[PDB]
There are 2 protein chains.
Amino acid sequence: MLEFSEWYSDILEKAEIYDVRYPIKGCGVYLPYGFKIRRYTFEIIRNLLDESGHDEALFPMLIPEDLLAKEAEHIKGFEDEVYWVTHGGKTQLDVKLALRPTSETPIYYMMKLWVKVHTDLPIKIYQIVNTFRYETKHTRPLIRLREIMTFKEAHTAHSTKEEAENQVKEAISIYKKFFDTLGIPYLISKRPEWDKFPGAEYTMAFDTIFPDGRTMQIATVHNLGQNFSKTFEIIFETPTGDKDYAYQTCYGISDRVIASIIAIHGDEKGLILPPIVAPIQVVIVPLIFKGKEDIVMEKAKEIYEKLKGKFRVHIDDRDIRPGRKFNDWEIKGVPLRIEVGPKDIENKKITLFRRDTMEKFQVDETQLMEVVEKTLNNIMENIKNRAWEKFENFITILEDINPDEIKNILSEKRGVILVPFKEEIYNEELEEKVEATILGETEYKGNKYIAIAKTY
Amino acid sequence: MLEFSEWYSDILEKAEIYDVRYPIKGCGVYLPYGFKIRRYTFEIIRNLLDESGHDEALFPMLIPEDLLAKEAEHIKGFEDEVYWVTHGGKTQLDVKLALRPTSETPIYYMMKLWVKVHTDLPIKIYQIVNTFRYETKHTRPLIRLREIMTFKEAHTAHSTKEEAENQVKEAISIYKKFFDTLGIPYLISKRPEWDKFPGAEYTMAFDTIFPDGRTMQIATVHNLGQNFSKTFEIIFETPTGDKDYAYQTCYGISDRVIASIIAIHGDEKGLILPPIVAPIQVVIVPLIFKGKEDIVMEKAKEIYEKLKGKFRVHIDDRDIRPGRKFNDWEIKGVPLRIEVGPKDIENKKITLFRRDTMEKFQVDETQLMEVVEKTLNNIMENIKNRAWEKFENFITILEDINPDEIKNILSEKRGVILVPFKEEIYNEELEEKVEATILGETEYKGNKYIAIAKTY
């Protein structure tokens, strides 16, 4: 019965996902549940990056004036939003250490110390650190944050413009396949040549449209070529002896996913989060009755141990109206829930609940495992479609660039606006024209269109 | 032949663990093999924590002055070694946020809200973050650092004083077993009063002894009692409508573990980290020759898939002189090593290598999954037993409170010293009497001694 903004802000608490009362506005704390629904959230990208030949490592958080000074050119749109550590306690530091906004500055300074010959390449390295960002605008939970809680930034370096180029497509493939297992409707774009990362040749970026019509970039890939490699003397000996600066390329994702995981799927009753990330995929509720209280709790365990292997199960020993329980777990979006009842075991059956369609059925205790699996899949497959449908439904594919029309069709329909692509009038005016924000170039079934839309 | 000092520093990097070349005193970067090794290193403590009623949370890293203030009565040698943020671009912050040293202040400002009724306690909460202590002193990679990248800090609240007590006696046990599965030898002191914590009643701690006879502190535990509850107004209606202040009790462990891991179990040749935490437990080196090539890379994977499930393996490809690998892998501490030439295949045999003894025995192939499984349980054991041995050989027990004696027995045997406990002379003077350091009481073999030693 409430609009997104507060529904989100609400559930993002009633779900015990992220307390935000920490005295800083931009720095909330990930409560137990949230953390979990993140451990399993990133474990997915970690694996996709590990199988893909990446290697995670951890870099410092403090970037000194020196290096950071390289990140920019004059003081370009960068240093302006950065925290600085000036006092080394009571005294000054002689060295203005800074809180890592991005984190490439220190990683590149390092690749130098690692890349010497052409055999050192490539070094697709990544990390999931916590960056910062002096945010002047308004903060928004798990989205626009003063202190970003989960920021996975991958870095890779190659020996050629071609290897780099391809690395981007591999990444894009990773992020794609990643979101998919998370079930997140994405629209892949090529940020215009004026919304470019600092020193990037061009940028690709996954954008999704939250339930409010507003879009939100969640994933990002940039191709850097040598723009950095130079500034950081990250050179190397071509297989011919001669010297050549390395071709970088980086990509990152932030808490914005978990925000989107929350929204995209979450419903009025609260969460719904995909089973691939359910801190508890299945909840076992032992309904205690005056008679045969013991047997039930026994059945609970039997079910636990059985599901325990392939799945994440939890039981509500707790003393309280199964209601609050049923309700408490629905809000938390636990995919499946098993009611362990008396008149229920007597018939040799056990009853489940799909926290997605909220439909409740029974089934033979001898097919549990098979069911829980199939049911748990069906759910994902479903929530994933529901996700895609609401997505595709928000996407309007115009056939012509009438600006006075787009801004008009965006203040009623919203979501994203795809119009045929023609370099012609594809400049910054277009935005100061449609008065929106060009998500950039994009291909949607065949050729390329331009993606216009309202952003977060 | 070499000295521990550089032996450490040398391998830390020689083995791809921690690269301290990052331009900031004690602020290096964990390299891939470094991160990996620390992952499992720390997945243990996690589980131990999880499987014991704790919840992993994540709190902001920036504490505003306001708080870290009450984090003291005035300005007692504490706000001196704290990193402070002051600007946002070029605009001062007027609020002064600081880099978290003990990340407790916030977790308490927070408890202020999650506590209201006894129902809400106990709450055992922890996070494995990274702190920042401005250290003037000489840094020690993975030991005394300026940025402690891996600092798992637990925190607990209790309605009653006694509950806390058993919570500390629980923390210990946990760590005890944590370090037992890691193979580290420890000496649970009880830090003497005169040496306090910001606001702790009594502070328990675990000590280990590096091969250079200096003692290292791997674990610390506190009973913060109400000292903190009172300042952060952590009140809660007792089960009698009264207003009682919660009983705190925190504890954490730093990178010292992975440090104590390397140090303690390392040997001349290279690094010999325990199987549990072995980034790589088994390495299949398919020695490939001109003849019978594929055939080899075949039994390479026949062994992979075979072990793939219960163990972490790595077929070390690399078009390089096998001996280099064997050498390389011995350094990184990989426990078991597999070499599969064309002989063992025709003889239906297999050839293994044990890092702990550098022995190279063979055994039937059908008996693979069997050996490895069993061999490892041996290696880890064999190396743990060694460790204690050495440890026990660094602990010298006396019988008299003779300072002019102890001090001497140090610069002749080092390690840690125990002496019969006599409240009489268990004061700060005793330190200045042996110009060393006291670790506190300690129940080794019952007797209840007084550990004294030089420390890192």
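Residues numbered from 1 in each chain as written, not as in the entry; some residues may be left out. Chains lettered and ligands numbered in written order. Heavy atoms only, no water.

Asks: Could you give an account of the domain arrangement of chain A, naming the residues involved and the relevant values?
Replies: Residues and elements named next belong to chain A. Considered domain by domain, chain A is made up of domain 1 (1-274), domain 2 (275-377) and domain 3 (395-455). Look at where the C-alpha atoms of domain 1 and domain 3 centre, and you get two points 26 Å apart. With 13 residues of domain 1 at the interface, the matching set in domain 3 holds 19 residues. Buried surface at the junction of domain 1 and domain 3, summed over both partners, amounts to about 1300 Å²; 62% is from carbon and sulfur atoms. On the domain 1 side of the interface with domain 3, the three residues burying the most area are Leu 187, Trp 194 and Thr 215, jointly 45% of the side's total. In this structure, the connection of domain 1 to domain 3 is made through zero salt bridges. Our enumeration of links across domain 1 and domain 3 arrives at five residue pairs in polar contact. Secondary structure elements with two or more residues in the side of domain 1 that touches domain 3: strand 7 (187-191) and strand 8 (202-209). By residue number, the principal contributor to the side of domain 1 that touches domain 3 is strand 7, which donates five residues. When grouped by side-chain class, the residues that make up the side of domain 1 that touches domain 3 number five nonpolar, three polar and five charged. (Domains from an automatic or database assignment. Contact = heavy atoms within 4.5 Å. Buried area = accessible area lost by both parts, 1.4 Å probe. Salt bridge = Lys/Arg side-chain N within 4 Å of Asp/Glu carboxyl O. Polar contact = N/O pair within 3.5 Å; in protein donor to acceptor, adjacent residues only side chain to side chain. Helix = DSSP H or I, 4+ residues; strand = E, 2+ residues; numbered from the N terminus. Nonpolar A, V, L, I, M, F, W, Y, C, P; charged D, E, K, R; others polar.)

Asks: How would you summarise the relation of the copies chain A and chain B if you had to cite specific residues and measurements?
Replies: Note on the copies: chain A fits chain B at an RMSD of 0.6 Å, the axial shift is 0.2 Å, and the rotation between them is 179 degrees. The relationship between the two copies is best expressed as a two-fold rotation axis. The position closest to the rotation axis in chain A is occupied by the C-alpha of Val85(A), lying 2.1 Å away. Same-surface contact between copies: 98% of interface residues of chain A are shared with the interface of chain B. (Least-squares fit on C-alpha atoms.)

Asks: I'd like to hear about the packing of helix 2 (residues 32-50) of chain B against helix 7 (residues 256-265) of chain B, residue by residue, with values.
Replies: Residues and elements named next belong to chain B. Interaxial distance between helix 2 and helix 7 falls to 10 Å at its minimum, and their mutual angle equals 110 degrees. With respect to each other, helix 2 and helix 7 are oriented roughly perpendicular. Regarding helix 2 and helix 7, the two cross each other, and that crossing is right-handed. Together, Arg 38, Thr 41 and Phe 42 of helix 2 and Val 257, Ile 258 and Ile 261 of helix 7 make up the contact between the two elements. Taken together, the residues of the contact of helix 2 with helix 7 sort by class into four nonpolar, one polar and one charged. (Axes fitted to C-alpha atoms, helices over the stretch in contact; angles between N-to-C directions. Parallel < 35°, antiparallel > 145°, perpendicular 65-115°, else oblique. Left-handed = near helix turned anticlockwise from the far one by under 90°.)

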